[PDB]
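So the sequence lines, in the order shown, correspond to chains C and A. Under the deposited numbering, residues 52 to 88, 92 to 297, 309 to 333 are what the first sequence spells out, in order. Under the deposited numbering, residues 24 to 51 are what the second sequence spells out, in order.
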Amino acid sequence: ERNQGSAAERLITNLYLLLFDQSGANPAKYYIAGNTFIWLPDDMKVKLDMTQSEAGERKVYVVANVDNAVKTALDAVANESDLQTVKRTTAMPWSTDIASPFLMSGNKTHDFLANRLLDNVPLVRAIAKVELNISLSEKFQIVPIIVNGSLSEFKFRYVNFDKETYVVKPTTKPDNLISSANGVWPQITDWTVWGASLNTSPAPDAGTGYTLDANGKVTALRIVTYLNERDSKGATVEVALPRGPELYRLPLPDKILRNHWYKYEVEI
Amino acid sequence: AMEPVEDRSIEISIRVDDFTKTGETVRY
Numbered sequence: 052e053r054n055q056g057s058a059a060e061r062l063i064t065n066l067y068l069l070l071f072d073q074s075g076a077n078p079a080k081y082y083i084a085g086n087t088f092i093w094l095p096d097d098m099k100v101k102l103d104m105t106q107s108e109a110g111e112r113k114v115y116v117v118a119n120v121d122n123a124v125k126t127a128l129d130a131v132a133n134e135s136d137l138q139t140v141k142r143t144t145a146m147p148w149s150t151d152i153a154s155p156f157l158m159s160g161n162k163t164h165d166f167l168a169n170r171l172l173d174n175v176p177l178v179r180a181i182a183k184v185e186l187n188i189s190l191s192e193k194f195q196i197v198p199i200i201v202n203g204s205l206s207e208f209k210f211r212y213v214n215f216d217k218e219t220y221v222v223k224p225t226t227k228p229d230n231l232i233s234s235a236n237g238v239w240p241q242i243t244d245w246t247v248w249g250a251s252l253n254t255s256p257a258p259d260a261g262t263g264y265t266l267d268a269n270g271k272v273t274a275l276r277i278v279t280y281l282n283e284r285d286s287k288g289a290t291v292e293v294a295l296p297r309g310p311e312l313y314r315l316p317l318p319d320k321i322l323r324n325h326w327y328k329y330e331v332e333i
Numbered sequence: 024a025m026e027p028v029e030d031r032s033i034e035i036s037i038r039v040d041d042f043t044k045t046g047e048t049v050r051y
């Protein structure tokens with residue numbers, strides 16, 4: 052399905068446009084700064103002072119929600135291919151260190167001599183989203199030890215998530231991998247205990263949560279995280295359930322694609 | 024009635040592309 056997501060997932064706080072000419076070089080650059088928020095969000099339109107005759111035919115790239123590092127890299131871009139070398143690194147590349155506003159990019163080729171308006175440039179988020187809804191079978195439906203809202207006995211880790219967010223994905227994205235925990239069974243000392251941030255009633259877009267029945271037994275678990283795209287296999291979510310604990314692995318897809326939302330109904 | 028010279032300041036429409044959302048059932 053195509054799903055527009057939340058307002059936070061769609062938030063645009065700045066824009067950077069690059070208008071390449073025929074040879075994919077000499078790009079005209081326009082940074083539309085967040086402190087000026092010309093950008094017409096209510097028209098979903100950027101107006102530039104470059105005229106039709108100045109523009110001619112252009113390969114138009116739009117990047118949204120840059121930070122200063124990414125902006126400065128874009129300021130130095132000379133060729134279309136350079137865009138595929140501009141990337142942001144995140145030490146812990148999952149929620150919530152990856153959060154709104156999300157880096158986005160898109161492009162379209164357009165002849166401005168023919169029409170002053172380019173309609174339109176589709177802006178594609180550079181990250182992906184993973185949602186696990188775990189239904190627990192009877193052997194796991196226990197009264198949980200809860201500490202500050204978290205489930206001490208239920209734990210998870212992200213394995214082989216990529217640290218890089220590319221503005222434009224390289225032809226074959228290389229690897230820069232990390233896991234959120236590396237503790238081995240049975241202690242799994244550094245794994246993350248299950249949280250309750252999703253149990254709130256506006257409910258954020260990412261986090262962890264769970265459901266208790268009337269007997270106070272846990273019957274379902276939920277985890278939602280953002281993550282970076284991967285062209286290579288190995289990204290995994292692992293969960294530890296009370297029995309040492311029982312460990313379950315969910316391999317994510319062989320490719321994690323940008324602006325895809327992978328929802329799993331998991332029965333354990 | 025004369026219209027403006029057809030050499031206008033340019034405009035770029037931008038739309039935020041929907042997620043592609045996929046669902047899968049898995050059991051253990």
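Positions of the beta carbon are idealized from the N, C-alpha and C atoms, including for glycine.
Taking all protein chains shown into account, decide if residue i is buried (16 or more other Cβ within 10 angstroms of its Cβ) or exposed.
| i | result |
| --- | --- |
| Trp148(C) | buried |
| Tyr212(C) | buried |
| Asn236(C) | exposed |
| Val28(A) | exposed |
| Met146(C) | exposed |
| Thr279(C) | buried |
| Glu218(C) | buried |
| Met158(C) | buried |
| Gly160(C) | buried |
| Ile92(C) | exposed |
| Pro240(C) | exposed |
Using only the alpha-carbon positions, how far apart do residue i and residue j sit?
| i | j | result |
| --- | --- | --- |
| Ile37(A) | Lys227(C) | 26 Å |
| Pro198(C) | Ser206(C) | 8 Å |
| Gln195(C) | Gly263(C) | 15 Å |
| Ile63(C) | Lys193(C) | 46 Å |
| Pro258(C) | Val178(C) | 21 Å |
| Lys271(C) | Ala58(C) | 34 Å |
| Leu281(C) | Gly46(A) | 17 Å |
| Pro318(C) | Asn324(C) | 14 Å |
| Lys80(C) | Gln138(C) | 17 Å |
| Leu231(C) | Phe166(C) | 42 Å |
| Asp136(C) | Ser234(C) | 31 Å |
| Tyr115(C) | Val131(C) | 12 Å |
| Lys162(C) | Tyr82(C) | 18 Å |
| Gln73(C) | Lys328(C) | 41 Å |
| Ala153(C) | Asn269(C) | 35 Å |
| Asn119(C) | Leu315(C) | 31 Å |
| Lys99(C) | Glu332(C) | 45 Å |
| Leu128(C) | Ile200(C) | 47 Å |
| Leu172(C) | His164(C) | 6 Å |
| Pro310(C) | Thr243(C) | 12 Å |
| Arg53(C) | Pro176(C) | 14 Å |
Would residue i and residue j qualify as a contact pair, given that the criterion is a beta-carbon distance under 8 Å?
| i | j | result |
| --- | --- | --- |
| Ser189(C) | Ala274(C) | yes |
| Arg284(C) | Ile321(C) | yes |
| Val247(C) | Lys141(C) | no |
| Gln106(C) | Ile33(A) | yes |
| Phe210(C) | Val291(C) | yes |
| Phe215(C) | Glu60(C) | no |
| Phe42(A) | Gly261(C) | no |
What does a CB cutoff of less than 8 Å around residue i pick up in its chain, not counting 5 residues either side in sequence?
| i | result |
| --- | --- |
| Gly203(C) | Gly249, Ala250, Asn253 |
| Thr225(C) | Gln138 |
Grab me the residues of residue i's own chain with a C-beta within less than 6 Å of its C-beta, minus the 5 sequence neighbours each way, in chain order.
| i | result |
| --- | --- |
| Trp326(C) | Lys183 |
| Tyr313(C) | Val293, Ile333 |
Within its chain, find whatever has a CB closer than 7 Å to the CB of residue i; leave out the 5 residues flanking it on each side and keep chain order.
| i | result |
| --- | --- |
| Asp267(C) | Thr273 |
| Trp245(C) | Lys209, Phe210, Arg211, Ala235, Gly237, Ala294 |
request  = Report yes or no: do three or more beta-carbon pairs, one from the segment 181 to 188 of chain C and one from the segment 109 to 122 of chain C, lie closer than 8 Å?
outcome  = no
message = Does the segment 123 to 137 of chain C come into contact with the segment 60 to 79 of chain C, if we say contact requires no fewer than three beta-carbon pairs (one atom in each stretch) closer than 8 Å?
response = Output reads yes: the segment 60 to 79 of chain C touches the segment 123 to 137 of chain C.
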